[PDB]
Amino acid sequence: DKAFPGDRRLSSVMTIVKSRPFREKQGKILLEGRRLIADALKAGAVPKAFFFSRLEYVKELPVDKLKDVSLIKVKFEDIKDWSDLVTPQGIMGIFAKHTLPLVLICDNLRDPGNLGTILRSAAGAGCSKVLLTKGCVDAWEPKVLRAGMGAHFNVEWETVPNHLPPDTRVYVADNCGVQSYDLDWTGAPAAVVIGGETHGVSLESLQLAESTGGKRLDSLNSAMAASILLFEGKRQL
Amino acid sequence: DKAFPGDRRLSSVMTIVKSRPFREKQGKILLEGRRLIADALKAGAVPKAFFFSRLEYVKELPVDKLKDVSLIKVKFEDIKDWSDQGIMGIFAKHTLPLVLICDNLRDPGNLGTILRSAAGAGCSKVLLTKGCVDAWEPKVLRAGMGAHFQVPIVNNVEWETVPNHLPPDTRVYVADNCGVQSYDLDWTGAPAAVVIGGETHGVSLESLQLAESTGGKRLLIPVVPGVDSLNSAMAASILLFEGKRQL
Amino acid sequence: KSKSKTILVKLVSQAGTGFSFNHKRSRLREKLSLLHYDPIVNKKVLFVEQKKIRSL
RNA sequence: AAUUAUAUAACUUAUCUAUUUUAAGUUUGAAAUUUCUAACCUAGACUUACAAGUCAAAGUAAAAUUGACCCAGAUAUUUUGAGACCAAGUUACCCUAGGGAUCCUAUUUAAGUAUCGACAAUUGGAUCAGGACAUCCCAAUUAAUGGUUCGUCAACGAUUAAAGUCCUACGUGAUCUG
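Chains as they are written, first to last, in the entry's author numbering: chain x, 95 to 191, 206 to 261, 268 to 291, 337 to 376, 385 to 404; chain y, 95 to 178, 183 to 191, 206 to 291, 337 to 404; chain 1, 10 to 65.
What follows is the structure, given as structure tokens:
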């Protein structure tokens, strides 16, 4: 294992992964987890550095978590710099930081955690339409990567406004919250607008989604409710 | 810190609030986070005590967003135990009614949130993982943002309430990925009684046989991708609400 | 508590006298057939395992 | 509180009444309870509420991750079982026992022992940081050397060589009173 994190290159990598602004400046972020790293490789994400433990590297399981990065034995200090979190994972990868439609649009910068959770639900839901703001916010951070958990693995303002012009209604959802399959989120056009993780979604968020022309499906757990909706969304299709 | 130094029950409430095991022992389900506290709060729970940092509980800033949860001092170590988020609002742990059941152990948030999902839809009684499984525990309920006993969604069900959930004449369906169609089931068409088995435990054969008494058909959600199955508890939540609407 | 290696079983006389005694055997081995003293017949006779009592 | 509360009282069912086709439940509470195959035998010993179970000279006899008893089982008398029960307040209605009043400081050391005296050993801020090593940054298996920003039990944004994990009555500036 490589335990030397004091190198200038290691310090730059540590700064980018540890700090989101450094990640945006350096364009590099870290994904923690062998499953998450493997999903990144399938998605085509190009990893810059692969963090493998002294035992994980020998087992080659961390090597499979390269996510297109070069896999080399790494100790805690080296792994910590590669990983965006303080605690480095055994397998981690340092990578870059209509009619009856299912569309979710988020303008401006979005919380990296929210993006990962939303993307993970989207993979289960299988929505054919996705909307987002520019790439300013980095969703490759270890916290964001943890939110995706491999399930997650640039629409900008102009295209994002196009989704808003479309006549779609965002199905409401709440911890307490009509039925999930009784809402035409997939059966009818949907423009998912709810309180993001960066701002927080209260019971008003469910009402706000209802105000978008949708009905109820009180803050619901982002992972649990989104996963439940994704299963209902698949049934809707 | 204990809610009241002399009052042992106050200390237990505070400890149970910020403690997955202690909450299960004390039958308390905490909703970590002020917004999640409101989640359990708006789901029909009036948390007697809320796990929050001693100084934070005194300030009661998350209590403002608890919207029912009663801010209570919580030890830092206890807060970590209940971590799934600081404002853990500890709370006590029909025909065509929404019915979710996260049978067996599963993701703490999935079980709690899935059970609560039925409550808002009009669930007469929503269910979660059994008392043995950690679903109503402070940390377990914390991720779900729901209370077991107080909210219709129950996790510290115990033996008595456990038959109660099944005992209703609502056709039941186990929903993971391919348990007819999630919303087009006999159970979904009839009163909702969805009971998804644990993700790592599955559905018991006896439970499948018991489904005959209910008359429901296990939930099968078509999946375009090759994923083996979706969140079991999450599937139950969708089936839970879906059944009520169809019924 | 979680660990479990041996088990306790009833060894019953094959002479029909009804005399039985308990012995410990590994869970992963075959049923025991042992020659043991039976007081009723006052001589050693064959004993065959019938039922498992508990996990040791 | 914890557990209840066939004192009574009610309702329900009986009961008992009309027609005609008190008891048992439950609830109030008079209250109550508790707390805050791997032997047998036999000196001398172990373990143990009791009991059983152990070690062991001699003797005799076969051979060469629980642990007993009680207590319940099974069957026909043979076998099989793993000294505040649990449990909050309040008392100036009380009782008894008493205790009061009626950056220093104390040692040790002594760089600079008349008089002194470092280093040591025994609400937010501003200013300045000290310390732990389980090493983030800086540095050569070794090392705590100095540092580790500003904001919005988790998380995010922007910088920084880095924003380790933390401790030091907001770490640390000299209201006023009880």
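We put the CB at the ideal spot given by N, CA and C, even for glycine.
Item to check | Proximity to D385 (chain y) [Cα-Cα], best of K242 (chain y), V211 (chain y), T357 (chain y), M108 (chain y) | outcome: As a working note, residue 385 (chain y) is residue 228 in the second sequence. Cα-wise, what sits closest to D385 (chain y) is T357 (chain y).
Item to check | Test item: CB-CB of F189 (chain x) and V168 (chain x) under 9 Å | outcome: Residue mapping note: residue 189 (chain x) aligns to position 95 of the first sequence, counting from 1. Residue mapping note: residue 168 (chain x) aligns to position 74 of the first sequence, counting from 1. Their beta carbons are not under 9 Å apart, which means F189 (chain x) does not touch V168 (chain x) by this criterion.
Next on the checklist: When you compare the CB positions of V54 (chain 1) and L44 (chain 1), do they come within less than 9 Å of one another, or not?
Outcome noted: For the purposes of this step, residue 54 (chain 1) is identified with residue 45 of the third sequence, where counting begins at 1. For the purposes of this step, residue 44 (chain 1) is identified with residue 35 of the third sequence, where counting begins at 1. Against a cut-off of 9 Å, the Cβ pair of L44 (chain 1) and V54 (chain 1) comes out as a contact.
Item to check | Neighbourhood of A247 (chain x) by C-beta, 7 Å cutoff - its chain only, sequence neighbours within 5 removed | outcome: Within the first sequence, numbered from 1, the residue matching residue 247 (chain x) stands at position 139. Here the set comprises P220, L223, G224.
Checklist entry - First and last residue of the alpha helix (DSSP H) that includes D47 (chain 1)? => result As a first step, residue 47 (chain 1) must be located in the third sequence, where it is residue number 38. Premise fails: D47 (chain 1) lies in the beta strand (DSSP E), 42-47, not in any alpha helix (DSSP H).
Item to check | Best match in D215 (chain y), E118 (chain y), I131 (chain y) for proximity to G354 (chain y) [C-alpha to C-alpha] | outcome: Position 197 of the second sequence, counted from the first residue, corresponds to residue 354 (chain y). Nearest C-alpha to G354 (chain y): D215 (chain y).
Next on the checklist: Please state the DSSP three-state secondary structure of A143 (chain y).
Outcome noted: Numbered from 1 along the second sequence, position 49 holds the residue referred to as residue 143 (chain y). If DSSP states are grouped into helix, strand and coil, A143 (chain y) belongs with the strands.
Checklist entry - Can the beta-carbon of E249 (chain y) be found closer than 9 Å to that of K161 (chain y)? => result What you label residue 249 (chain y) is simply residue 137 of the second sequence in a count that begins at 1. What you label residue 161 (chain y) is simply residue 67 of the second sequence in a count that begins at 1. It is not a contact, given that the beta carbons lie outside the stated cut-off.
Item to check | Burial state of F116 (chain y) (16 or more Cβ within 10 Å) | outcome: Position 22 of the second sequence, counted from the first residue, corresponds to residue 116 (chain y). Answer is buried; the Cβ neighbour count reaches 16.
Checklist entry - For residue 91 (chain 1), is the classification buried or exposed, using 16 other Cβ atoms within 10 angstroms of its Cβ as the cut-off for buried? => result Because residue 91 (chain 1) is not part of the residues shown, which for chain 1 are 10 to 65, the question remains open.
Next on the checklist: With DSSP as the reference, identify every bridge partner of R34 (chain 1), one or two as the case may be.
Outcome noted: Position 25 of the third sequence, counting from 1, holds the residue named residue 34 (chain 1). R34 (chain 1) pairs with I16 (chain 1).
Checklist entry - Between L124 (chain x) and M186 (chain x), is the Cβ-Cβ spacing less than 9 Å? => result For the purposes of this step, residue 124 (chain x) is taken as the residue at position 30 of the first sequence. For the purposes of this step, residue 186 (chain x) is taken as the residue at position 92 of the first sequence. Going by C-beta atoms, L124 (chain x) is nearer than 9 Å to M186 (chain x).
Item to check | Neighbour flag for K112 (chain x) against chain y, beta carbons, 9 Å | outcome: Walking along the first sequence from the start, residue 112 (chain x) turns up at place 18. Not one chain y Cβ lies under 9 Å of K112 (chain x).
Checklist entry - Taking Cβ positions only, does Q183 (chain y) come closer than 9 Å to chain x? => result Translated into positions along the second sequence, residue 183 (chain y) becomes position 85. Taking Cβ atoms only, chain x never reaches closer than 9 Å to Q183 (chain y), which makes this a no.
Next on the checklist: For the beta strand (DSSP E) containing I188 (chain y), name the first residue and the last one.
Outcome noted: Taking the first residue of the second sequence as 1, we reach residue 188 (chain y) at position 90. 186-190 is the extent of the beta strand (DSSP E) around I188 (chain y).
Next on the checklist: Could you pull the DSSP bridge partners for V21 (chain 1) from this structure?
Outcome noted: Position 12 of the third sequence holds residue 21 (chain 1). Partner(s): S29 (chain 1), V57 (chain 1).
Item to check | Outcome for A97 (chain x) when other beta-carbon atoms lying within 10 angstroms are tallied against a minimum of 16 | outcome: The residue you call residue 97 (chain x) lines up with position 3 of the first sequence. Its Cβ having fewer than 16 others within 10 Å, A97 (chain x) is exposed.
Checklist entry - Given a threshold of 16 other Cβ atoms within 10 Å of its Cβ, counted over all protein chains shown, does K174 (chain x) qualify as buried or as exposed? => result Residue numbering aside, residue 174 (chain x) sits at position 80 when the first sequence is read from its first letter. When all chains shown are included, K174 (chain x) counts as buried.
Item to check | Inter-residue CB distance, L396 (chain y) and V351 (chain y) (contact presumed, cutoff 8 Å) | outcome: Start at 1 with the first residue of the second sequence, and residue 396 (chain y) comes out as number 239. Start at 1 with the first residue of the second sequence, and residue 351 (chain y) comes out as number 194. Confirmed, Cβ separation roughly 4 Å.
Checklist entry - Rounded to the nearest angstrom, how far is the Cβ of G291 (chain x) from that of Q403 (chain x), given a contact under 8 Å? => result In the first sequence, counting from the first residue as 1, residue 291 (chain x) sits at position 177. In the first sequence, counting from the first residue as 1, residue 403 (chain x) sits at position 236. Contact doesn't hold; Cβ gap of about 17 Å is too wide.
Next on the checklist: Against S229 (chain y), what residues of chain x qualify as contacts under a CB-to-CB distance less than 9 Å, listed in chain order?
Outcome noted: In the second sequence, residue 229 (chain y) corresponds to position 117, counting from 1. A287, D288, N289, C290, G291, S339, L376, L387, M391, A392, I395, listed in chain order.
Next on the checklist: So the candidates are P209 (chain y), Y151 (chain y), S177 (chain y), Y285 (chain y); which of them puts its Cα closest to the Cα of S236 (chain y)?
Outcome noted: Your numbering for residue 236 (chain y) matches position 124 in the second sequence. The candidate whose alpha carbon is nearest that of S236 (chain y) is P209 (chain y).
Checklist entry - In whole angstroms, what is the alpha-carbon distance linking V286 (chain x) and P275 (chain x)? => result Start at 1 with the first residue of the first sequence, and residue 286 (chain x) comes out as number 172. Start at 1 with the first residue of the first sequence, and residue 275 (chain x) comes out as number 161. The alpha-carbon atoms of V286 (chain x) and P275 (chain x) are separated by roughly 21 Å.
Item to check | Contacting positions in the segment 130-150 of chain y - beta carbon closer than 8 Å to chain x | outcome: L130, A132, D133, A134, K136, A137, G138
Checklist entry - Which residue's Cα is closest to the Cα of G383 (chain y): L278 (chain x), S164 (chain x), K401 (chain x), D341 (chain x)? => result Taking the second sequence and counting its residues from 1, one reaches residue 383 (chain y) at position 226. Nearest C-alpha to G383 (chain y): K401 (chain x).
Item to check | Cβ distance (whole Å) where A143 (chain x) is taken to contact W176 (chain x) below 8 Å | outcome: What you label residue 143 (chain x) is simply residue 49 of the first sequence in a count that begins at 1. What you label residue 176 (chain x) is simply residue 82 of the first sequence in a count that begins at 1. Rounded, the Cβ-Cβ distance is 5 Å, consistent with contact.
Item to check | C-beta neighbour in chain y for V360 (chain x), strict 9 Å | outcome: For this step, residue 360 (chain x) is matched to residue 201 along the first sequence. Yes, contact with chain y.
Checklist entry - Looking at the structure shown, is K136 (chain x) part of a helix, part of a strand, or coil, going by DSSP? => result The residue labelled residue 136 (chain x) in the question sits at position 42 within the first sequence. Reduced to three states, the DSSP call for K136 (chain x) is helix.
Item to check | Nearest candidate by alpha-carbon position, reference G25 (chain 1), set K60 (chain 1), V50 (chain 1), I62 (chain 1), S64 (chain 1) | outcome: In the third sequence, residue 25 (chain 1) corresponds to position 16, counting from 1. Ranking the options by Cα distance to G25 (chain 1), first place goes to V50 (chain 1).
Next on the checklist: If contacts are defined as beta-carbon pairs under 8 Å, then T282 (chain y) and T371 (chain y) qualify, I think. What distance do you get, rounded to the angstrom?
Outcome noted: Numbered from 1 along the second sequence, position 170 holds the residue referred to as residue 282 (chain y). Numbered from 1 along the second sequence, position 214 holds the residue referred to as residue 371 (chain y). Rounded, the Cβ-Cβ distance is 6 Å, consistent with contact.
Checklist entry - Under 9 Å between the Cβ atoms of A230 (chain y) and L253 (chain y)? => result Here the question's residue 230 (chain y) lines up with position 118 in the second sequence. Here the question's residue 253 (chain y) lines up with position 141 in the second sequence. Contact: no.
Checklist entry - DSSP three-state call for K401 (chain x): helix, strand or coil? => result If you number the first sequence from 1, residue 401 (chain x) lands on position 234. The answer is helix: DSSP assigns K401 (chain x) an H, G or I state.
Next on the checklist: On the DSSP bridge list, what partners appear for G355 (chain y)?
Outcome noted: Looking up residue 355 (chain y) in the second sequence gives position 198. Its beta-bridge partners are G359 (chain y).
Checklist entry - Beta-carbon of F261 (chain y) versus every beta-carbon of chain x: anything under 9 Å? => result Locating residue 261 (chain y) in the second sequence gives position 149, where the first residue counts as 1. Chain x, which has no Cβ nearer than 9 Å to the Cβ of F261 (chain y), makes this no.
Checklist entry - Rounded to the nearest angstrom, how far is the Cβ of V263 (chain y) from that of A393 (chain y), given a contact under 8 Å? => result The residue labelled residue 263 (chain y) in the question sits at position 151 within the second sequence. The residue labelled residue 393 (chain y) in the question sits at position 236 within the second sequence. Going by Cβ atoms, the distance from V263 (chain y) to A393 (chain y) rounds to 16 Å, so no, they are not a contact pair.
Checklist entry - What does DSSP give as the partner residues of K122 (chain y) in its beta bridges? => result Indexing the second sequence from 1 puts residue 122 (chain y) at position 28. DSSP output for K122 (chain y) lists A190 (chain y) as bridge partner(s).
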